[PDB]
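Peer 1: one piece of my complex first, more on the way:
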Amino acid sequence: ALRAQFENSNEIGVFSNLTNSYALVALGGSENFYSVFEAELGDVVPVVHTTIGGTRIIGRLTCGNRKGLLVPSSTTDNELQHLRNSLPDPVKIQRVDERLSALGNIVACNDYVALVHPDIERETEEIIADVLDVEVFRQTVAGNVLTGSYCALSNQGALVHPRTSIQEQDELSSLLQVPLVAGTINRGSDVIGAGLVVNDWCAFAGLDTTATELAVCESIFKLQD
Amino acid sequence: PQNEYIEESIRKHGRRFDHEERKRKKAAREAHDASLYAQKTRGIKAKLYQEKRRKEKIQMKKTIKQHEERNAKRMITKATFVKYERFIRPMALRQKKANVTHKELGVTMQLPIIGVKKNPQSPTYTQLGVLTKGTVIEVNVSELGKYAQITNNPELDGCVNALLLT
Amino acid sequence: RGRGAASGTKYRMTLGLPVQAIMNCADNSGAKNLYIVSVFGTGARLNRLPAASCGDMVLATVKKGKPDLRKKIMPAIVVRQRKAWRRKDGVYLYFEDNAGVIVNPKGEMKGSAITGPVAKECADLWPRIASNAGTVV
Amino acid sequence: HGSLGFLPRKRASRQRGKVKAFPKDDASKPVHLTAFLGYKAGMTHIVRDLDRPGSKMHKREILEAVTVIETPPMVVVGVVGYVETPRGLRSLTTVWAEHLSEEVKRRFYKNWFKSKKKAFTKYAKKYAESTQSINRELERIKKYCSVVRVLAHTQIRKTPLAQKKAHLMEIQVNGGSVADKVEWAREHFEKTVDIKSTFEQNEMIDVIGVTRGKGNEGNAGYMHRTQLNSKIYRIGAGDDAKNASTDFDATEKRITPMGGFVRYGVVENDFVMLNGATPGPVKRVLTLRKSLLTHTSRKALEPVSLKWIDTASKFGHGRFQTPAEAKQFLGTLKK
Amino acid sequence: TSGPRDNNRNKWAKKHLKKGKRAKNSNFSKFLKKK
Amino acid sequence: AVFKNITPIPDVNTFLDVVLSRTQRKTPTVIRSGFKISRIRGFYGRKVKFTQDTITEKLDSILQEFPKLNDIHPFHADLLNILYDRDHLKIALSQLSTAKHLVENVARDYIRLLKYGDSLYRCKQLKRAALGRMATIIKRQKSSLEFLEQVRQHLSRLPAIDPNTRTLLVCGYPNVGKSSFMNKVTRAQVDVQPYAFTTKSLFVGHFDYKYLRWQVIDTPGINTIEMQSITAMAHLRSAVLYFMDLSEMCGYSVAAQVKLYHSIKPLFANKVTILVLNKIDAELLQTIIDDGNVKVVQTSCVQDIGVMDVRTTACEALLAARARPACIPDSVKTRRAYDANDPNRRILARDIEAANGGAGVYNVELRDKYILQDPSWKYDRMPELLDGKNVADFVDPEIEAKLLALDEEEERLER
Amino acid sequence: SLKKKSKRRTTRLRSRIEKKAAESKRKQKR
Amino acid sequence: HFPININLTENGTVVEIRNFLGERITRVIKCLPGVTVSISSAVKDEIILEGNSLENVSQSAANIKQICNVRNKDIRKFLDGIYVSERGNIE
């Protein structure tokens, strides 16, 4: 795992997005943030220096996996054209004309399973299955609808609220077919999606995350090999 | 950092490179700096330096003198103590204790004012207990009933400084 | 506590909510109303009532709410605005109702899910609100 | 309150903004002009990509209000030399051309119609028959004079106005030596100097004008002012049907909005697109000069790439840029 | 706040005027000057 | 308990000069005889009131910033009695408070009398009589202010010992290898010299082990230094790590060290003792080992071995007392981690920055990384608009064939 | 002037300087 | 901690100072006329100022020293800078 911060903010889940096929980072601000992502994934996956809707919070405004990427209807044609030019062919890009524009705060997805804010429209569910090629479950985490921000999820693990009950963790893990952990981040910051960005081989966390959590993410996401 | 950390730093890394030169030159030029300070400054800061230089001059004269010796409205407008009370006697002007200094003993003793003997200003002041200069007052001297004379002005000083008549 | 942990910097925009104004509670923290008592970062402009805007922090009192959140004046982030404000893009925006969220001075909001649209400005500045936002336009 | 640097608040004793300061002359630089003279046609707004690093909208689209002023190429019609003296600059001599057009001759009379049109007859006559006097005077300028300022007059005929008296002013000539300035001045008699050869679409100029007269509120308005740091966005040519077409727009169009500029007319000459406001109302002559000083603030150095320029109808609420597009959208009218 | 009347603001302003920052103004006028 | 936040004390003369200078500068100065008596009274009362506020404001700052010995953790409380004689400190702190009321009473008195001032002079002398008294009141605490400044000066030097966190207190005879262990464990640099009593006072140092932070507080050997060590061991949740000079290279008899450890055993009660055999590479030991709490860990002080093992043993004792196929790319399995030294690390955008002008100047070429058939067009501008219509809506890789499949059709309509 | 005050003593000062000098001399005589 | 980087131009009449105390301000000085600045190899990281006029050499030595003064720190601990070591002659 890595400790990195955007500007002087620990919430690097907001300011960037990362999947098994690409990496999206904010623009015009700290290119040191681009350097951090490039230092670990520069020669493996493309690192796109992009923006969504003229904002630096692209991480919470998009949702994607190794196969497809989604953007809200608020994104410009120019920014969408930029993303498709930079991104390679095997990754599909789509505009999701959907109820709650912030896709990152409502949808957390991997290559095989996605968790969505129940309050999404049926056509959105259909296109997510069509694009992401994952099974869609309209469930909730810790009683909170914002699955994407409170459930940092990857191919080899997942993290949720420490508050959620043990039976709830077991239900989510069994329905996700992946080990799950109820942990914390950034010294009591319960927005796990907004603090931790994870792929199947690397993970980044805020600078304010202590060593105890970093060991926990290392164990659950098994980056040691 | 722990305890005398700068002392440790001085020990393990040394002081500034030119530190001795700077302090020696500062120790060299204050004689010129003092005269420049004495001739150019004006006002209170000047006056304070004026009196403090006399302090050091007199001191240095004495320590050197010791050296060859070694080598060799109807109201009361004054302080009061407690019809006849026609005027108003404020509780503010009321006085109860006095600083009476014995003549032979030479110690200023805090003694309560038993009463006022006689006011040289006028009999009305003595009747009203108006404390003034030269007025005789009797106080208890059990811890030392004796008379005394006021050596101060309670109206201005605000403290009843008196000398025992003994 | 003003301008604190707000990531970058905020472009100038029209002032919508002066002192002693009522806004809806936007999150599900349990509050209904907020009352502006003071505005952070106001200079010595004579006879100028401090005013709030999207992405701004104001000392707020929960006028209507459960008594535990009441009786303690604390900062709040104005998340929406009714007065028309122009983006640097040029388009002019305005919402139906003045809304605000309940936030600690550090920047972490006290709610769990905010209701309705979110100003794109405040989502840019405040990553914590962007962490807990539903839809931003 | 009110600034004390702008009093006595009284009506400007001039209509064309006086350039009270010219850039410092440096002989290391060779010769160029230092000012120009245009007419405020009006303003529109644009969309631009913003390449300012660290700005919150780096590489993002903004919208900017731009002032369009039409500048038909000025005509140089004389040369003047100022000599340094302990009592200040003093105009030593003046030399003119032969063919001074009727536009500038009108400047010398309050009644051009009733006059006998007798300006510059003897001078032009002696100019042709004996050029030794002109040579002697230019010899004097290159021998004594230290500041060389050329008379240039604007071709108000091309402007869509009703005025006919051309405007006349003194552009200083910075660069080279005094001999180089006089040679440059003599080689441009009776010729025209175009704004494309004076400003280059990206520099940061200072705009001088007289404010719009608001009336009596003491006197308010109609004051001489000097905007500094006004940045050129686009120097367009009046001959091209692409002067309002960007690289992101195509759409063959002209800078003049739908229906002509309000209270000005149709701009069919070389024009300048400055940013933001400029002093004075429309159809008032503005003066443009190079900045007196070098300031390389990042705003003064960064390049500009206009994405789209607006030619809607400023006379109301326009919603169609070009008449072709209006016909395509609107159904075929009964006409 | 350091005021624009500061001699050190003016001093560093000078050194900016002696980089390529002003070079893009020296030959920048040479553009028109060959026309 | 960070004692560094205490403002520095003036030395009386400065205290009066600062107070008197403030009164002259912040309050009015000019008055004439012809002014109304109310204005004359109001003027001088303002100075008398103002100086009292200045004196009290300074005095309260001392009284609040200093730590209240009763309300603090008895570790630091017991540390301060040995260093600062709590009675002397309490007497000093109390005297300033008695001073604080005394200035208030004199100020109230002379303001009260001044209401009856009849001429400019009589108010002038009460003001002088005032300013003299609060000046003379303060001058009597010369010893108290000097004592507090010395106490302040040494308080700011003390290390903020951590009582809540897990700790490993180290104690023993002087020069018994404790300094070497502290240097090897804690990043702090404590001077180690053959001179005895080098550890003048407690030295605190934080260490990280088992994903947790432990505070090692070295104590002076064994008296004021011995009393500090005893008090530190008295109230501190920590494991005893006494180091015994087995080789007797420390200059003290092994029996003497055993006797000292037995004497300190009363303080070491209810703690995880450690029987460190210092200078192992370089009788009563069986009696000490019979206790069982102390763990016999050999420590090669001369050979500089076993320090890490001792720390690991101590930490362990303290802890006891308290389908989803992740297709990682093949390049990831052989990726060289970016470390700046080696040139191997591919350049980064951070490095392209510093060569090209730094932050705020370098314009990142956003178009510089499009996967595209050509890197020349890599800066081209794509049309966005034309004739009321967006270019974007028409971009189709096969659109040319839709245009030809057309050409037949219009040719049909014209015919 | 060039000073912080006026060197020309106004006739009040020319008036009362001499008499207060006279009172000073009388004080020494007493 | 931070090495002081020195660059010599115009046969050593202008000195460029970099990385002083981690600062990225380029402390540049022009030596007074008749003063030449060189970097000696026999002793590491020390400078030799040669000239004919003592006033100009000494003032140039003073100018360099006052350019690199520590600021807002302690003379007690941050005792970093350039100091004049020896004051002699060519032969």
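Peer 2: Yep, that arrived. Residues are numbered from 1 along each chain as shown, chains lettered A, B, ... in the order given.

Peer 1: alpha carbons only for contacts and neighbour counts from here, please
Peer 2: Fine.

Peer 1: check the gap between residue B:31 and chain F for me.
Peer 2: Distance check for residue B:31 against chain F: by Cα to the nearest Cα, to the nearest Å, it reads 23 Å.

Peer 1: same question but for residue B:14, I mixed them up
Peer 2: 15 Å.

Peer 1: who's in contact with that residue?
Peer 2: Taking Cα atoms under 8 Å, 6 or more residues apart in numbering or on different chains as the criterion, residue B:14 is in contact with no other residue.

Peer 1: residue B:30 sits in which helix or strand?
Peer 2: With secondary structure defined by DSSP states H and E, residue B:30 is part of helix B:19-40.

Peer 1: other SSEs contacting the helix or strand containing residue B:57?
Peer 2: Using DSSP H and E, residue B:57 falls within helix B:44-71. Packed against helix B:44-71 by the contact rule (3 or more Cα pairs under 8 Å, 6 or more residues apart in numbering or on different chains; DSSP states H and E) you find helix B:19-40.

Peer 1: ok, residues contacting the helix it packs on?
Peer 2: Contacts made with helix B:19-40 from outside it, assessed by Cα under 8 Å, 6+ apart, are listed as B:46, B:49-50.

Peer 1: what does the stretch 51-200 of chain D put close to chain F?
Peer 2: The stretch 51-200 of chain D has residues D:51-54 near chain F, with proximity defined as Cα under 8 Å from any Cα of the partner chain.

Peer 1: the residues you listed into TSV, with extra columns for secondary structure, neighbour count and distance to residue F:182?
Peer 2: Output for these, formatted as TSV (DSSP: H, G, I helix; E, B strand; the rest coil; neighbours: other Cα atoms under 10 Å in any protein chain shown; distance: Cα to Cα, whole Å):
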residue	secondary structure	neighbour count	distance to residue F:182
D:51	coil	20	56
D:52	coil	21	53
D:53	coil	20	50
D:54	coil	17	47
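
Peer 1: wait, which of these is closest to residue F:230?
Peer 2: Distances from these to residue F:230 were compared by Cα to Cα; the smallest belongs to residue D:54, at 59.0 Å.

Peer 1: just confirm the closest one contacts residue A:7, I think it does.
Peer 2: No. Counting by Cα atoms under 8 Å, residue D:54 sits too far from residue A:7 to count as a contact (11.8 Å).

Peer 1: also, this goes in as RNA strand I:
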RNA sequence: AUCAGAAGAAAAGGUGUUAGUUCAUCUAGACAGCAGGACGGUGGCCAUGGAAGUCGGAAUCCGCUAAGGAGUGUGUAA
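Peer 2: Okay, RNA strand I now, added to the rest:
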């Protein structure tokens, strides 16, 4: 005199200047400037983690003398 000049603060201060008054050494070399010595009982005695003249309390003595003060300061844990 970086704001000189053409009885009230007033008494005091000034490495400003010029004259005097009263004392001092001086080609047995004056003052300063330099080279060198500036000692040995003794780290005298209580005092202490460590105090050696210089954290601290009384003397504070003696051999050589042309001179070395149980010490004038800096300083060292010493």
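
Peer 1: convert the helix holding residue B:30 to CSV, retaining C-alpha atoms only.
Peer 2: C-alpha atoms of helix B:19-40 as CSV (Å, rounded to 0.1, in the frame of the first residue of the first chain):
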residue,chain,number,x,y,z
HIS,B,19,30.2,34.4,16.8
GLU,B,20,33.3,35.5,18.7
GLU,B,21,34.0,38.2,16.2
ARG,B,22,30.4,39.5,16.4
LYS,B,23,30.3,39.6,20.2
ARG,B,24,33.8,41.1,20.4
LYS,B,25,32.9,43.9,18.0
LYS,B,26,29.6,44.4,19.9
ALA,B,27,31.7,44.5,23.1
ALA,B,28,34.0,47.0,21.3
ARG,B,29,31.6,49.6,20.0
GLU,B,30,29.0,50.1,22.8
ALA,B,31,31.1,53.0,24.1
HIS,B,32,30.5,54.8,20.9
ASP,B,33,26.9,53.5,20.8
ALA,B,34,26.2,54.8,24.3
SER,B,35,27.3,58.4,23.5
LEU,B,36,25.3,58.2,20.2
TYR,B,37,22.3,57.0,22.3
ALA,B,38,22.8,59.8,24.8
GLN,B,39,23.1,62.6,22.3
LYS,B,40,20.4,61.7,19.7
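
Peer 1: how about it and RNA strand I, touching?
Peer 2: Yes. Interface with RNA strand I: helix B:19-40 contributes B:31-36, B:38-39 (Cα under 7 Å from any atom of the strand).

Peer 1: residues contacting residue 26?
Peer 2: By default, I'm working from chain A. By Cα under 8 Å, 6+ apart, residue A:26 lies in contact with A:15-16, A:34, A:49-51, A:55-58.

Peer 1: the intended chain is chain H.
Peer 2: Contacts for residue H:26 were tallied using Cα under 8 Å, 6+ apart; they are H:16-18.

Peer 1: give me the element residue B:162 is part of.
Peer 2: Following DSSP H and E, the helix or strand that holds residue B:162 is strand B:161-164.

Peer 1: same for that strand, what does it pack against?
Peer 2: Secondary elements touching strand B:161-164 (3+ Cα pairs under 8 Å, 6+ apart): strand B:97-101, strand B:146-150.

Peer 1: with respect to RNA strand I, which of these lies nearest?
Peer 2: Comparing the helices and strands packed on strand B:161-164 against RNA strand I with Cα to the nearest atom of the strand, the closest turns out to be strand B:146-150 (29.1 Å).

Peer 1: drop RNA strand J onto that structure:
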RNA sequence: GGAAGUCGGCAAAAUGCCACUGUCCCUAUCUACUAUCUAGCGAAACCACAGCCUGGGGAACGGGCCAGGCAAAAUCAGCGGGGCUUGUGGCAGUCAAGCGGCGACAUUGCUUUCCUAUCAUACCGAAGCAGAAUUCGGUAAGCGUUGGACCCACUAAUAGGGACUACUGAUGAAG
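Peer 2: Okay, RNA strand J now, added to the rest:
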């Protein structure tokens, strides 16, 4: 936005704690009339003589005096302007520079514009000032010193004080 203005629901608005309101933030626009100009008609109060400013003239210092600053016709419309004093108390004894018994310090006894005397911003010197934060002091009045009932927040800070002619615009004869 809806009492933050104001001692305040003064006056409108809402109808014939909630709610409304330009009282305020912060004013903007629109209409009529007065207003200005033109043709006509056409007063009175008041009037020693007059009308630039700084300082001084014993007072009362002034519009005349003195010393200066200065000073170019005729007008039009607004605005009404007209050697004090400070930062350091009182009693008693002890010295003792010295003078002629006092005796100096010290010691012991008890109880709009302006000013800088700068709150903030600029710089500076000192402090056990590691960093940060801060304290004291110096130069410094260029520039700011807020919004609500001693308070309670904001803020970099919410420092202490003095007090006919002119003014503002508009024409204008003339070397």
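
Peer 1: RNA strand J added, so what about the contacts of helix B:19-40 now?
Peer 2: Judged by Cα under 8 Å, 6+ apart, the contacts made with helix B:19-40 from elsewhere in the structure are B:46, B:49-50.

Peer 1: need the buried ones from those selected in PyMOL.
Peer 2: Here is the PyMOL command that selects the buried residues among those (16 or more other Cα atoms under 10 Å in any protein chain shown):
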select buried, chain B and resi 49
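
Peer 1: and residue 210, how many neighbours?
Peer 2: Just so you know, I chose chain A. 18 (other Cα atoms under 10 Å in any protein chain shown).

Peer 1: let me rephrase: I mean chain D.
Peer 2: The local packing of residue D:210 (other Cα under 10 Å) involves 27 other residues.

Peer 1: surely residue D:163 and residue D:156 touch.
Peer 2: Yes. With contact defined as Cα under 8 Å, residue D:163 and residue D:156 form a contacting pair (7.3 Å).

Peer 1: between those two, who's got more neighbours?
Peer 2: Taking residue D:163 and residue D:156 together and counting by other Cα under 10 Å, residue D:156 has the greater number of neighbours (21 against 10).

Peer 1: excluding its backbone neighbours, what's nearest that one?
Peer 2: Spatial nearest neighbour of residue D:156, excluding adjacent residues (Cα to Cα, 6 or more residues apart in numbering or on different chains): residue D:166 at 5.5 Å.

Peer 1: close to RNA strand J, is the helix holding residue B:30?
Peer 2: No. On the criterion Cα under 7 Å from any atom of the strand, helix B:19-40 is out of touch with RNA strand J, staying 9.1 Å away.

Peer 1: chain center to that helix: distance?
Peer 2: Using Cα atoms, centre = their mean, to the nearest Å, the mean C-alpha position of helix B:19-40 is found 34 Å from that of the whole chain.

Peer 1: that helix vs helix B:44-71, what angle?
Peer 2: With axes from the mean of the first three to the mean of the last three Cα atoms, to 10 degrees applied, the angle from helix B:19-40 to helix B:44-71 works out at 110 degrees.

Peer 1: what helix or strand is whichever residue of chain G sits closest to chain H located in?
Peer 2: For chain G, the nearest residue to chain H under the criterion Cα to the nearest Cα is residue G:2, separated by 37.4 Å. When secondary structure is defined by DSSP H and E, residue G:2 falls outside every helix and strand.

Peer 1: could you measure from it over to residue B:43?
Peer 2: Applying Cα to Cα, to the nearest Å, one obtains 19 Å for the distance of residue G:2 from residue B:43.
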